[PDB]
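Encoded as C-alpha cells, the structure appears first; notes follow it.
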Amino acid sequence: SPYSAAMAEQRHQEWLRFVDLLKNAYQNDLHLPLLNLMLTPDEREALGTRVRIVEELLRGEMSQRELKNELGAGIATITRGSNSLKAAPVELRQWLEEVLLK
Amino acid sequence: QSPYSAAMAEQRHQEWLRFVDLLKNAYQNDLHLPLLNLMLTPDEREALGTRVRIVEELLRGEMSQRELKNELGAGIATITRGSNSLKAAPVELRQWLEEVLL
Ligand SMILES: O=C(O)CCc1c[nH]c2ccccc12
Ligand SMILES: O=C(O)CCc1c[nH]c2ccccc12
Numbered sequence: 005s006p007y008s009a010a011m012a013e014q015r016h017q018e019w020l021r022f023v024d025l026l027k028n029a030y031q032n033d034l035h036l037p038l039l040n041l042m043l044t045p046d047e048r049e050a051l052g053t054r055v056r057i058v059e060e061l062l063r064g065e066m067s068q069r070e071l072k073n074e075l076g077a078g079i080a081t082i083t084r085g086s087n088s089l090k091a092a093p094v095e096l097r098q099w100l101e102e103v104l105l106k
Numbered sequence: 004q005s006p007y008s009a010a011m012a013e014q015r016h017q018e019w020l021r022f023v024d025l026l027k028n029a030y031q032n033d034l035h036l037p038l039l040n041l042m043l044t045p046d047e048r049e050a051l052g053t054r055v056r057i058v059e060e061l062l063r064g065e066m067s068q069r070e071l072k073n074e075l076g077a078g079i080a081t082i083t084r085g086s087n088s089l090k091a092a093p094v095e096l097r098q099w100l101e102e103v104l105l
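Chains as they are written, first to last, in the deposited numbering: chain A, 5 to 106; chain B, 4 to 105.
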C-alpha cells in the first residue's frame, strides 16, 4: 500500500538523500545548476514567494488579505504558510526573525 | 502588476536568490531540515526525493520505461521533462552527479 509505514520510510530516506546531495552541491558551488535541474521554474518562483510570506507573517504588519494582493497568492496558500510556520521549531523561528526582520 | 515584464522577472530573480542564500546559511547553521520542512509541502519533498532517483537511473541508463514507472511511479511525461532538464544541465554538474550518485 502507498500509505504503509515502509513506504513512508522509503520516502524519508529518498528525501534525506536529496538534502545531502544539495548540501554537498553548496560545498562544490553547484547548488544553482542542481536546483535548476531538480526544480521546475514555477517551483523556484513559489519558493521565492514563500520567503516573502514567511517574512511578512513574522513581521505581522500586513494582513493575510493584504498579503494575497501584493504577491498574487491565494488565501489558502497564506493559511498553509501560517500553519507551517506555527509548526516550525522554536530554534528555526528565532533564526528567521533575526534574518528577515533586521 | 503583470508577471510578464522585465521588472517582475528581475524581482523573481532576486526573490529566488534570497531563498538560495537563506538555505545556504541554514546548512551552515544545521537548520536546513526544519527550513525545508517549513518551505516545502510534503508532496513536494516526496517529488524531490523521486527526482533524484530519476536522475540516477537516467544517468545509469539501465532502467527501462516500464521499470521507471513501476519502481519510481514516474510516467512518461515526467521522465521526458527530467530528461530535458538533464540535457540542459552544464557538464560540470553532470560530471559531479555521475560521481556521487553512481
Ligand atoms: O500553496 C501551498 O500548498 C504551499 C503552502 C506553503 C507551505 N509552506 C509555506 C511557506 C510559506 C508560504 C506558504 C507555504
Ligand atoms: O513536472 C514534473 O513532473 C517535474 C519534471 C522535472 C523537473 N526536473 C526533474 C528532474 C528529474 C525528474 C523530473 C524532473
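Think of the CB as a built atom: it goes at the ideal place given N, C-alpha and C, for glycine as much as any other residue.
Starting from the beta carbon of residue i, find every residue of chain A whose beta carbon is closer than 9 angstroms, and list them in chain order.
| i | result |
| --- | --- |
| B/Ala92 | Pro37, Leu38, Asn40 and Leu41 |
| B/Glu49 | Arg15, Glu18 and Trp19 |
Tell me where the alpha helix (DSSP H) around residue i begins and ends.
| i | result |
| --- | --- |
| B/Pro45 | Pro45 to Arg63 |
| B/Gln4 | No alpha helix (DSSP H) holds B/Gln4; DSSP gives it neither H nor E. |
| B/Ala77 | Neither: B/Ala77 is in no alpha helix (DSSP H) and is coded neither H nor E. |
| B/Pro37 | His35 to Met42 |
Please list, in chain order, the chain B residues whose beta carbon lies closer than 8 angstroms to that of residue i.
| i | result |
| --- | --- |
| A/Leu34 | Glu95, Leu96 and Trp99 |
Just checking: is the beta-carbon of residue i within a distance shorter than 8 angstroms of some beta-carbon in chain A?
| i | result |
| --- | --- |
| B/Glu70 | no |
Along chain B, which residues have their Cβ under 7 angstroms away from the Cβ of residue i?
| i | result |
| --- | --- |
| A/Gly78 | Those within 7 angstroms of A/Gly78 in chain B number zero; the least Cβ separation is about 14 angstroms. |
Residue i CB to nearest chain B CB: under 8 angstroms?
| i | result |
| --- | --- |
| A/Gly64 | no |
Applying a beta-carbon distance threshold of less than 7 angstroms, which residues of chain A neighbour residue i?
| i | result |
| --- | --- |
| B/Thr53 | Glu18 |
| B/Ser88 | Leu41 |
| B/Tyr30 | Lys27 and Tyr30 |
Quiz item: Are the region 89–102 of chain A and the region 27–45 of chain B touching, with three or more C-beta to C-beta distances below 8 angstroms?
Solution: yes
Quiz item: When the Cβ atoms of the region 53–63 of chain B are set against those of the region 72–80 of chain B, are three or more pairs found closer than 8 angstroms?
Solution: yes
Quiz item: Below 8 angstroms, can you find three or more Cβ-Cβ pairs linking the region 16–24 of chain B to the region 43–51 of chain A?
Solution: yes
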